[PDB]
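A short write-up of the structure that comes next.
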Amino acid sequence: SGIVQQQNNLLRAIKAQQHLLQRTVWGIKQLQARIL
Amino acid sequence: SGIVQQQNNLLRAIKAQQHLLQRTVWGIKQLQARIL
Amino acid sequence: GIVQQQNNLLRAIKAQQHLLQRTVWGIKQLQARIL
Amino acid sequence: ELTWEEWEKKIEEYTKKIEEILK
Amino acid sequence: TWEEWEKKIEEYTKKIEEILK
Amino acid sequence: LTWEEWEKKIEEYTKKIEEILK
């Protein structure tokens, strides 16, 4: 709840969003391979 | 604009990027269902 | 420090925004190809 | 039930909402 | 596998929603 | 923009982000 904890929290959200984003990249590449 | 104001900015941007991510997931799943 | 950590998060979010745009572009490409 | 064109606009809405928060 | 992929999506998704409470 | 230029741009920004979380 302090500023330090919240910065640690935002870092963790970005780290988890980076994993989500990577999995979406893999999905697009898969479809692109099947379509093309 | 200061550390507190910058932290609220980052939080708000991360929250809206999550909305973006969810919608890209929905788009991939739509294509995937249609293709397969 | 906190200032250098906030600058780090800003840069990471901005570059992650670049990523999202290009994955949007890919979905739109495939979608236009199908329809 | 959301339609591709409603999907495209929601992307733009939130995208611009991001640029405004950073810029 | 798309089944593998689907699970990881809902794993990381709920992890994020828990982080943004 | 080719799908090959897309893949590189992804990996480019991908390594740029992970390096930020060093």
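In the structure tokens, chains take letters A, B, ... by order of appearance, with residues numbered from 1 within each chain and ligands from 1 in the order shown.
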Could you list, as JSON, numbers by chain, the residues of chain F having an atom within 9 Å of chain A when counting only C-alpha atoms? {"F": [3, 7, 10, 14, 17, 18, 21]}
Print the selection's residues with C-alpha atoms to a file, as a tab-separated table (two decimals), in the first residue's frame.
```
chain	number	residue	atom	x	y	z
F	3	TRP	CA	5.04	-11.50	-41.73
F	7	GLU	CA	8.18	-11.64	-36.44
F	10	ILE	CA	7.99	-8.76	-32.16
F	14	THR	CA	10.30	-8.74	-26.81
F	17	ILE	CA	11.13	-5.53	-22.58
F	18	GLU	CA	12.80	-8.52	-20.90
F	21	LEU	CA	13.01	-6.28	-16.34
```
List the neighbours of residue 30 in chain A out to 12 Å using only C-alpha atoms; skip same-chain residues closer than 5 positions along the sequence, and give me the result as a list in words.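 Using only C-alpha atoms, the neighbours found are residues 23, 24, 25, 35 and 36 of chain A; 28, 29, 31, 32, 35 and 36 of chain B; 26, 27 and 30 of chain C; 1, 2 and 5 of chain E.
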Quick one: contact table of chain A to chain E, 7 Å max, nearest atom pair and distance in Å to one decimal per residue, counting only C-alpha atoms, chain and number order, as CSV?
```
residue,atom,partner,partner_atom,distance
A:9,CA,E:19,CA,6.8
A:13,CA,E:16,CA,5.8
A:16,CA,E:16,CA,6.2
A:20,CA,E:12,CA,6.0
```
After fitting chain A to chain B over every Cα pair taken in order, the RMSD: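 The C-alpha RMSD comes out at 0.3 Å.
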One residue among D:21, D:6, D:11, D:1 is nearest to residue 25 in chain C when using only C-alpha atoms, and that residue is D:11
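Residue neighbourhood of residue 5 in chain B, excluding near-sequence residues (fewer than 5 positions): residues 3 of chain A; 10, 11 and 12 of chain B; 6 of chain C; 21 and 22 of chain D, at 12 Å, using only C-alpha atoms.
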Once you have the residues from the selection above, write them out as a PDB file, in the first residue's frame, restricted to N, CA and C atoms.
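Written output follows (part24.pdb):
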```pdb
ATOM      1  N   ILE A   3       4.235   3.323  -1.448  1.00  0.00           N
ATOM      2  CA  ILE A   3       4.667   3.527  -2.825  1.00  0.00           C
ATOM      3  C   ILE A   3       5.555   2.369  -3.275  1.00  0.00           C
TER       4      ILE A   3
ATOM      5  N   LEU B  10       0.688   5.085 -14.288  1.00  0.00           N
ATOM      6  CA  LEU B  10       1.114   3.763 -14.713  1.00  0.00           C
ATOM      7  C   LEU B  10       0.035   2.734 -14.425  1.00  0.00           C
ATOM      8  N   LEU B  11      -0.578   2.814 -13.245  1.00  0.00           N
ATOM      9  CA  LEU B  11      -1.640   1.880 -12.912  1.00  0.00           C
ATOM     10  C   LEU B  11      -2.751   1.942 -13.945  1.00  0.00           C
ATOM     11  N   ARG B  12      -3.195   3.158 -14.272  1.00  0.00           N
ATOM     12  CA  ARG B  12      -4.284   3.320 -15.220  1.00  0.00           C
ATOM     13  C   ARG B  12      -3.899   2.782 -16.593  1.00  0.00           C
TER      14      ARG B  12
ATOM     15  N   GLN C   6      10.390   3.675 -11.560  1.00  0.00           N
ATOM     16  CA  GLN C   6       9.254   4.216 -12.297  1.00  0.00           C
ATOM     17  C   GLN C   6       9.621   4.473 -13.761  1.00  0.00           C
TER      18      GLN C   6
ATOM     19  N   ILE D  21      -2.751   8.709 -21.536  1.00  0.00           N
ATOM     20  CA  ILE D  21      -2.211   8.558 -20.188  1.00  0.00           C
ATOM     21  C   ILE D  21      -0.690   8.698 -20.187  1.00  0.00           C
ATOM     22  N   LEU D  22      -0.024   8.157 -21.205  1.00  0.00           N
ATOM     23  CA  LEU D  22       1.425   8.307 -21.309  1.00  0.00           C
ATOM     24  C   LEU D  22       1.802   9.689 -21.837  1.00  0.00           C
TER      25      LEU D  22
END
```
Counting only C-alpha atoms, which residues in chain C sit no more than 9 Å from chain D? For each one, give the nearest pair of atoms and the distance in Å, sorted by chain then residue number, as a tab-separated table.
```
residue	atom	partner	partner_atom	distance
C:10	CA	D:22	CA	8.1
C:14	CA	D:22	CA	8.0
C:17	CA	D:18	CA	8.4
C:21	CA	D:15	CA	8.5
C:24	CA	D:11	CA	8.3
C:28	CA	D:8	CA	8.6
C:31	CA	D:4	CA	8.6
```
Generate the output file for the selected residues, C-alpha atoms, as a compact mmCIF listing (two decimals), in the first residue's frame.
```txt
# COMPACT_ATOMS: atom_id res chain seq x y z
CA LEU C 10 7.26 3.63 -18.15
CA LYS C 14 5.52 1.96 -23.88
CA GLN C 17 2.21 -0.97 -26.29
CA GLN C 21 -0.28 -2.83 -31.78
CA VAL C 24 -3.56 -6.24 -33.33
CA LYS C 28 -6.63 -7.72 -38.48
CA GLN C 31 -9.37 -11.47 -40.25
```
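Atom pair CA of residue 15 in chain C / CA of residue 16 in chain F has a distance of 7.6 Å (rounded to one decimal).
Between CA of residue 33 in chain C and CA of residue 13 in chain F there is a distance of 25.7 Å.
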What does the distance between CA of residue 17 in chain B and CA of residue 35 in chain C come to in Å, to one decimal place?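 A separation of 27.1 Å between them.
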Name the residues in contact with residue 2 in chain C at a cut-off of 12 Å, using only C-alpha atoms, excluding same-chain residues fewer than 5 positions from it; report them as number ranges by chain. A: 2-8, 11; B: 2-4, 6-7; C: 7-9
